[PDB]
Each structure stands twice: as structure tokens, then as C-alpha cells.
Student: 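Take this structure first; my questions come after.
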Amino acid sequence: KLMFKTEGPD
Amino acid sequence: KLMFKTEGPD
Amino acid sequence: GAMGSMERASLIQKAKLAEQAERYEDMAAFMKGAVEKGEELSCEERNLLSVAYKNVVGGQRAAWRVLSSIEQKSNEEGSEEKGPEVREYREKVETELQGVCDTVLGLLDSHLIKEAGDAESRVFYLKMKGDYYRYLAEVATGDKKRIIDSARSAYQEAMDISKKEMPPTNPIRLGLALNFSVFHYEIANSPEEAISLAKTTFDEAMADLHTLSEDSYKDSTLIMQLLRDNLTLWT
Amino acid sequence: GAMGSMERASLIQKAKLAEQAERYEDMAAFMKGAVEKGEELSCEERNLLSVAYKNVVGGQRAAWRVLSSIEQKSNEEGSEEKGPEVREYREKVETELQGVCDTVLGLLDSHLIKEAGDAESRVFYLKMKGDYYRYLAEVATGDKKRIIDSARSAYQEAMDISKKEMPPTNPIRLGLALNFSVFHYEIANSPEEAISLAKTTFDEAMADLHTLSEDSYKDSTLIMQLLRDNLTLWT
Ligand SMILES: N=C(N)c1cc(-c2ccccc2)c(Cc2ccccc2)s1
Ligand SMILES: N=C(N)c1cc(-c2ccccc2)c(Cc2ccccc2)s1
Ligand SMILES: [Cl-]
Ligand SMILES: [Cl-]
Ligand SMILES: [Mg+2]
Ligand SMILES: [Mg+2]
Ligand SMILES: [Mg+2]
Ligand SMILES: [Mg+2]
């Protein structure tokens, strides 16, 4: 899945 | 530490 | 409390060590132990708590997506049924994710949020509450509606406080709006709300950059760029 | 046996799923459960077992090095003693590493090796035994000598069989020699043995490449390049 930008690490 | 090549994954 | 016999300061110190060792499950257990000492958390300590669990749940979410994608294919017209194993193992990982989310939510509810009075702490934890209901929402299929509204509610209370008490460039405020934006787009199926929020958040920050030091400028524009990255994909 | 109620085939299938999800602790527990079913392992199943535990122990070794390096500095002339916490946490990670090594060694000893009669299986497991005593040796400080000799002994028995029963390009044979070479250099403090072994192994493979198919050529030269990489650093 294409994951959108969210705060902090991955 | 410098790690030398060994078989398989890291 | 498995960490009840260790000093609060030692739990914090070992959390910092675990981060350096990229041992985030350890890091998370140390910070859980620190929270359960019952004292409020400093800004640095809140950020340790958040980094630890974000990394842990990040691994599970990534694993879950891989497994859910395999499962969906196995159920496509034409497949050769492999048996229950894909579903069972997706369920295993899903269950472990939900437990991590429930743990975090338990720490926020007992009793981080209720003791957080400053905007920087209370907004931080309310954002976290919305984040972890969002990760629950990502895997939910049965009472998804109340989970989604719990996420929405936490983010909205955080938004309201952030907008009264924090400047538009405040990194906590920006990161909250970023995350609430993705909630709207992906969880609430409100892409137009998501786009509106991200544009307004970016523009209001942009007009306040002039008040910042070089270092605060860097912190804010970093998150502003994440807002822009999403807007590029969405528009 | 936590995996005793699950079918052998399902454990294998879920091991393969866990690998795709990059869930190597899960992958390792599934393969442990498969081994403890008591049947011999196929080539693919042996490779699943090895990949799972190599990834698990890889994470711990990397964590241990970070922590050991921090500890060494804290003990340097001039430091401000942070207390017992670095040592304690290094010890925690070290203990978990040793347990993983002991688990693997237990599977080899009960009863994979004793039931392995074909060169490809017996060499594979004896190499593994030497590998896991080597990871023990890396953290050993008190009876390090017997651990080292256990590693040496396993690698040497594997070498002897590989040289009688396998061609010089056999990927298992090459990977064994690679690892025994690093053992010599880093664990046994025998750099000249390490260099000699790596050169002879490379040259004898090189002269046998002409017998291989395109695909076997690729498999062998891949490991030959690892031999060359080390030789470049060592000479
Ligand atoms: N140990 C860690 N990972 C962090 C420690 C701190 C910190 C916070 C206040 C005072 C000292 C340090 C972070 C702040 C921060 C978070 C996010 C982005 C950029 C910066 S992060
Ligand atoms: N699931 C995995 N990771 C692997 C599966 C197999 C396999 C082995 C025999 C028959 C089918 C597949 C591997 C062999 C191999 C190991 C190392 C290097 C290159 C190739 S690896
Ligand atoms: Cl399962
Ligand atoms: Cl510890
Ligand atoms: Mg479920
Ligand atoms: Mg529109
Ligand atoms: Mg020890
Ligand atoms: Mg010499």
C-alpha cells in the first residue's frame, strides 16, 4: 500500500 | 567494529 | 510491573541505550516502566516513549500489510486455496498489533493525559491517542466506526488546544495536523478535508516562519515538507 | 513445544510467510517447531531454518556491539561513571544472544546432525554448529577457549566432509570455507591461516567454474566474491 507521510519514524 | 563477509544474510 | 524494581532514571538511561542499539521493543518496555512510576514525563521522555512505540508498531503494521495483501490475493477468483494458514498468521500479527495499541492507549488513559495540563504535553498525548486509534482503525472490520470516532475525537481535542495555545509553526502542532490530515484522507474517507487541513496548516506556518530562530526554522520546515509531500500526491 | 499442536506443513508455510513479512523471530519459532516434529529437513527447509536464526542473531550481535562499544568508552580514562546501567543492559542482550545460540545448538544436537547422512545436509548443519559457537565466542570472556575449540571442531569436520564429497564450487562448501576463514582471522587470531584458506578456496573454485551451468555459475561466483572481498581487506 502507498503510505502517506505521518509524523516521526517508520 | 569492521565486520568481515560471512555466508548468508545480515 | 516487570520494570517495577528498576529506578526511573535507569529505565530512561536504558531506553536511550536501546534506541542506540535499535532495540525498540526493549526501548518500549523501559519507557512503559518509566511511565508506570507515576511521575509526569519531560519533553525528552515523552519523545522517547513515542519513538519506542512508533518503531514497534511500525514493524507490525508493515508485516500486517504484507500478510493482508497475500490474503487478499489468495481470495481472488482463480486461486488455489492454501488453507487457513495465511488468515491465521495475519490474525496473529494483527492481534499483537492491537495489543501494542491497547498498551499505549492504557498508558495515556492511566494516567498520562489526565495529569497533562501544559499544551505541549496535553497535545502530545492526545495526538498519540488519535494515532493509536488510527492504527487500530487500519486493521478494523467489525466495530470500526467507534474506533474511528475515538481517533477523530482525540485528534480534534488536540487540534482545538493547539490552535489556542501554540503558534502555527510549533512542531507538535504541525505533526498533529499532518497526522489528522492523513486520518481524514485514508480512515475517514474525507480527502477534501485532508487537503484543506494540510494546505491551511502549511500556509499558516509559512507566514509565521519569520518569527523563528535558525534552529526552530529547521524543525518547522521539516514537518512542513511532509505536509507538502502529501499534498503533492493528493492534488 | 509451543508449536506442538500445529502441522509440520503449516509451520513451514507460515515460516515462508514470516520471511516475506520480515518477521524473523516468528520465522525462527515456526522452524524450531518444524524441526521438533522430528523428521529430517529438506534443502529448502534447512535454508529456512538458517535464514530465520541468522536474522534473529544478527540483530542481537549488532545490538551487542553498539552496547559493548559504549561500555568500553565509559571505562576509558576520563569518563564520568554512569553507574551499572550500560553493563547491565549489555549483559541483558548478551544473555538473550547466548540463549538463541544455545537454542540453535540444541536443535543441531537433538537430533538434526545425528540423522544427517548426506554431505549436503551434514556439512550444512556442522557449519551451522561452528557458526553459532562462533557467535558465542564473539561475546565470551571466561571459558572462551572451549567455545572456540567447539567452533573449530565443528568447522573442521564439515571441511573434511566437504572436501571429500563436494566439488570445489559447491555453494555450501564455499560458504563454509568463507566462515571458517573469518573464524581463523577474528576468533582464533590466525590471520595467515584465514588468508591461506580463502585464497586456496577461491582458486580451486575458479578452476572448476567451467563445469557449471549458467545458474550454478551465478551461485558459486556470488560466494567467491565474498572470499575476494575479505582477501582485499586482509592483504
Ligand atoms: N531520543 C530521541 N529520539 C529524542 C530526543 C529529543 C529531545 C527532546 C527534548 C530535549 C532533548 C532531546 C527529541 C526531540 C525531537 C523529536 C522529533 C524530531 C526532532 C526532535 S527526539
Ligand atoms: N526461503 C529462502 N530464503 C530460501 C529458499 C531456498 C531454496 C532452496 C532449495 C529449494 C528452493 C528454495 C534457498 C536456497 C539459497 C540459499 C542461499 C542463497 C541462495 C539460494 S534460500
Ligand atoms: Cl499463526
Ligand atoms: Cl537491563
Ligand atoms: Mg482480528
Ligand atoms: Mg474537490
Ligand atoms: Mg555475560
Ligand atoms: Mg605473513
Side-chain angles (χ1 to χ4, degrees), chain A residues 7-10, chain B residues 1 3 10, chain C residues 1-39 41-63 96-97 99-104 106-108 112 124-125 128 131-132 135, chain D residues 22-26 28 55-75 83-101 135 138-139:
Chain A
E7 177 271 329
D10 312 19
Chain B
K1 168 182 175 296
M3 299 299 296
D10 312 19
Chain C
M3 293 295 176
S5 68
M6 202 190 303
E7 287 281 9
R8 185 186 194 283
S10 308
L11 292 165
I12 296 311
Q13 187 189 344
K14 294 183 182 178
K16 290 177 195 177
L17 294 173
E19 186 180 17
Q20 292 179 255
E22 294 176 55
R23 293 267 294 195
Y24 297 102
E25 282 196 17
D26 285 354
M27 191 187 179
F30 289 142
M31 285 318 295
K32 180 172 183 284
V35 170
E36 295 172 341
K37 300 299 183 190
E39 294 297 314
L41 298 204
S42 68
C43 179
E44 185 178 4
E45 292 165 350
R46 297 193 294 277
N47 272 279
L48 290 176
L49 178 69
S50 181
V51 168
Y53 277 108
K54 184 73 183 308
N55 274 281
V56 174
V57 83
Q60 305 174 309
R61 291 163 77 203
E96 293 184 6
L97 169 27
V100 163
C101 292
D102 290 349
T103 297
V104 178
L107 295 166
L108 298 164
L112 288 177
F124 185 95
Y125 293 133
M128 280 189 76
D131 286 348
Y132 282 83
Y135 309 143
Chain D
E22 294 176 55
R23 293 267 294 195
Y24 297 102
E25 282 196 17
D26 285 354
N55 274 281
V56 174
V57 83
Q60 305 174 309
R61 291 163 77 203
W64 185 89
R65 291 201 296 276
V66 172
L67 297 182
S68 180
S69 173
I70 293 175
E71 194 183 9
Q72 280 174 334
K73 298 168 190 181
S74 74
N75 296 340
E85 284 91 350
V86 188
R87 174 190 61 77
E88 286 171 357
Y89 184 49
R90 190 264 303 156
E91 292 182 329
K92 170 186 200 146
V93 169
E94 178 174 311
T95 297
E96 293 184 6
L97 169 27
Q98 284 161 333
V100 163
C101 292
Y135 309 143
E138 281 177 348
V139 302

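All values below come from the heavy atoms of this structure, side chains included, with hydrogens, waters and symmetry mates left out. In what follows, chains are A, B, ... by sequence order, proteins preceding strands, each numbered from 1.
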Student: Using 0.5 Å steps for rounding, measure from the CD atom of C:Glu96 to the CZ atom of D:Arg23.
Tutor: 4.5 Å
Student: Rounded at 0.5 Å granularity, tell me how far OG in D:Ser69 sits from NZ in B:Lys1.
Tutor: 12.0 Å
Student: Could you report the tightest heavy-atom contact between C:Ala15 and C:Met27, atom names first, then the distance?
Tutor: O-CG, 3.4 Å
Student: Can you tell me how far the SG atom of C:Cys101 sits from the CD atom of C:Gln60, to the nearest 0.5 Å?
Tutor: 7.5 Å
Student: So, does D:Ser68 use its side chain to make a donor-acceptor pair with the main chain of D:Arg65 at under 3.5 Å?
Tutor: no
Student: Any heavy-atom pair between the side chains of C:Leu49 and C:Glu45 that's under 4.5 Å?
Tutor: no
Student: Under a 4.5 Å cut-off applied to non-hydrogen side-chain atoms, are C:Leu107 and C:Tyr53 in contact?
Tutor: yes
Student: So how far is it from D:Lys92 NZ to D:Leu97 CG, rounded to the nearest 0.5 Å?
Tutor: 14.5 Å
Student: A quick test of your reading: do over 12 heavy atoms of other residues, nucleotides or ligands sit less than 6.0 Å from CD of D:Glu88?
Tutor: yes
Student: Counting heavy atoms not belonging to D:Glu91, are there more than 12 under 6.0 Å from its CD?
Tutor: yes
Student: Can you give me the closest heavy-atom contact between C:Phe124 and C:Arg46, atom names plus distance?
Tutor: CZ-O, 3.2 Å
Student: For C:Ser10 and C:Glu7, does a side-chain donor sit closer than 3.5 Å to a side-chain acceptor?
Tutor: no
Student: Closest approach of D:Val93 and D:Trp64, non-hydrogen atoms and distance?
Tutor: CG1-N, 4.0 Å
Student: Which heavy atom in C:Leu11 sits nearest to a heavy atom in C:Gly33, and how many Å separate them?
Tutor: CD1-C, 3.7 Å
Student: Can you name the nearest heavy-atom pair linking C:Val35 to C:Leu41, along with the distance?
Tutor: CG2-CD1, 3.9 Å
Student: Kindly compute the distance separating CG (C:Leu17) from CD (D:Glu85), expressed to the nearest 0.5 Å.
Tutor: 8.5 Å
Student: For the side chain of C:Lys14 and the backbone of C:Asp26, is there at least one donor-acceptor N/O pair under 3.5 Å apart?
Tutor: no
Student: Does atom CG (C:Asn47) have a neighbourhood of more than 12 heavy atoms from anything else shown, all under 6.0 Å?
Tutor: yes
Student: Report yes if the side chains of C:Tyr132 and C:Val57 come closer than 4.5 Å at any heavy-atom pair, otherwise no.
Tutor: yes
Student: Thinking salt bridges, do D:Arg61 and D:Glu138 make one under a 4.0 Å N-O criterion?
Tutor: yes
Student: Considering non-hydrogen atoms only, spot the tightest contact between D:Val86 and D:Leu67 and give its length.
Tutor: CG1-O, 4.0 Å
Student: Does the side chain of C:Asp131 come within less than 4.5 Å of C:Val104's, by heavy atoms?
Tutor: no
Student: Step through the shown structure and confirm whether more than 12 heavy atoms of other residues, nucleotides or ligands are within 6.0 Å of CD on D:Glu25.
Tutor: no
Student: Would you say that more than 12 heavy atoms from the other residues, nucleotides or ligands in this model lie under 6.0 Å from the CG of C:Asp102, or not?
Tutor: yes
Student: From D:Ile70 CD1 over to C:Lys16 NZ, what is the distance, rounded to the nearest 0.5 angstrom?
Tutor: 12.5 Å
